[PDB]
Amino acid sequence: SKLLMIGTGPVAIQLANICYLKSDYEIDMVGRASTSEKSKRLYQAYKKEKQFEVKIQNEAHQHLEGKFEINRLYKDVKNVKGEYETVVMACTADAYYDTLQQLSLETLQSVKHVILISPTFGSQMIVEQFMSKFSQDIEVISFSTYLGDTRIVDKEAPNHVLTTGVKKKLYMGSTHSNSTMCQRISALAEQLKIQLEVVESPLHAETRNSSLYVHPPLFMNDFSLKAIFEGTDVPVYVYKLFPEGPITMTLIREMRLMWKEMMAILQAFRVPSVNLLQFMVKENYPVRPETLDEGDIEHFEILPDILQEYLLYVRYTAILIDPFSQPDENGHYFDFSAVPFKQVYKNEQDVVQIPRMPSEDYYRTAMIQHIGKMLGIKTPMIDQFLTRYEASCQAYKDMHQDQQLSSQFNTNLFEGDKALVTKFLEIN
């Protein structure tokens, strides 16, 4: 009956309101004031009001809203004490190891379920193999992604969050198929009117995230890396065609290549393949019927390479605008494409950070490359993504020796994570 929610951002707050309203757990939340002025403001805001709040924008999302209190807000991970049956990881996947390893032995021994909200491919392996030293029968559950889009409207009230959208479909896998915990989650999803497909394993669920296949090619190319680390003369945009953004036949090829390296790896683990195009058009964002042939979408996996590339290119071109938005009087639709790149920035202690795009893709990609090695699968496209990213970080260090830089600029990170994946795969 105790739950530990690791994270104090909007994801954590939204999940905590679901637990508060729909579970029997006492909820403790854990931030990190030590390492973060964002966590600190959140702690200060909660201390003052003694309430969090979730608002919604589309009334379709009733179930998710509410004001609530938790049992305890911990300032930092090291402060956690006692026993918790269930740990929810609502942080970034590149912190799961580093975070859990700050928990006490006593805490770590009490845990029966770890729930990964936004895992990468291999996260369940890391977390299972880590937590194995302390429980013998730890249940690990992975979602495909967080359930929607939540944010803070007002930075000075970060305990008030707004859920703007919910996903059409999530996937969930457990290390313990059809467990009590799976069934409760299923029953909860059905109340929140969120479609949830249960799959065979956590790894299966981790591969039904389109950002896996799409973000590395979009962000880890020289156009994007320049725009992130050096900037440009006029704004450029993530989803636009060259020269307005990175998209190009070269990029789409790299995406196909990466997707195929990935599909080799999944064949090794015996996980079904991902029809990328179908996934994008039937699950992410729709296009008009005239844009793509229903057969091409359905049979995408057996079509010739060049055709797969063409269809991917077309999908991206079809969403330069929102083709379902109301066009204005001159026939112009909403500019859906115009998402700027986040640049490296200085936090409030003058430390230079690399934004989540592409920091977290360096992580996802480094994990996939390390799993590729361990299985003897080749990964030459992944390799090149990593090399490019490492080259930009090295260029940044060389170019800005005055400046104080985060440890995201360092090599090589993730040794701990990689060692746990090595171990897990030796056993099986």
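Position 1 is the first residue in the sequence shown; the rest follow in order.
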| query | finding |
| --- | --- |
| Mean Cα B-factor comparison, 324 to 332 or 242 to 250, giving the higher one as deposited | 324 to 332 |
| Per the entry, higher mean C-alpha B factor between 71 to 79 and 195 to 203 | 195 to 203 |
| Residue, from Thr150, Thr317, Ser177, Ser211, that the PDB entry assigns the highest Cα B-factor | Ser177 |
| Selection from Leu225, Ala268, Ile115, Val161 [criterion: highest C-alpha temperature factor in the record] | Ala268 |
| Record-listed C-alpha B factor of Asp94: chain third | lowest |
| Chain-wide C-alpha B factor ranking for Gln14, given as lowest, middle or highest third | lowest |
| Relative C-alpha B-factor of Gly376, binned into the chain's lowest, middle or highest third | highest |
| For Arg288, the third of its chain into which the C-alpha B factor falls | middle |
| Assigned third (lowest, middle, highest) for the C-alpha B factor of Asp350 | highest |
